[PDB]
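First comes one chain, alone, set out as structure tokens in the form deposited in one PDB entry.
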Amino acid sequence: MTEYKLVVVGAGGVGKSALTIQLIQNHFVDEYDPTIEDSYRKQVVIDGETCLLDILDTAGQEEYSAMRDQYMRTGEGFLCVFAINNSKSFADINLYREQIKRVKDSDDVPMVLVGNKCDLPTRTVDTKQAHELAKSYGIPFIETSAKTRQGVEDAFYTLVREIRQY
């Protein structure tokens, strides 16, 4: 079947793993558990197409930058994740996108900007700034909560559709 190689990147603790576990295992981890490098493979049906999501869950820690570069050269689509209560994770978004552009030798690779933890009451990133940044990249912005599952399918399925239209 068709396989979509997806890569989830972003600063430490924004909820990269929580989003993937919500998508694949239908629950929210709610635990401290830093990632080195995890892969998830799940057969799905998206818009009638039987396909395999091959999801690389990456580390936000700086020491694993080189491992990221190598391991995400095969990515067809990228979720670039920040948390809505972490202004520095939003500031870091541009750095992950630029790293993706250099490893993919491309400036329009399928990508979704994901603003996670929208269930929280303590917002520090303004929605308007995220929409404006997404529009300056030419990519969708999707707000998510790995806790409530809001937007989770939307984020991953939208990325697959970006890949289809590339």
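Numbering starts at 1 and follows the sequence shown.
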property	result
Residue stretch of maximal mean CA temperature factor, 69-77 vs 85-93	69-77
Mean C-alpha B-factor comparison - 107-115 and 132-140, higher one	132-140
Residue of maximum C-alpha B factor among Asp54, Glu49, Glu31, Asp57, per deposited coordinates	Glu31
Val44, C-alpha B-factor rank within chain (lowest, middle or highest third)	lowest
Assigned third (lowest, middle, highest) for the C-alpha B factor of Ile24	highest
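A second form of this protein, the form solved in complex with a small molecule, is not displayed here; the remarks below concern that form.
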query	finding
The single option of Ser106, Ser136, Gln129, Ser39 touching the small molecule in the entry with it bound, heavy atom within 4.5 Å	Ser39
Partner-contacting position among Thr124, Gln70, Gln43, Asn26 - heavy atom within 4.5 Å of the small molecule in the entry with it bound	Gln70
Partner contact for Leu113 in the entry with it bound: the small molecule, 4.5 angstroms, heavy atom	no
The small molecule contact in the entry with it bound: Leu159, any heavy atom under 4.5 Å	no
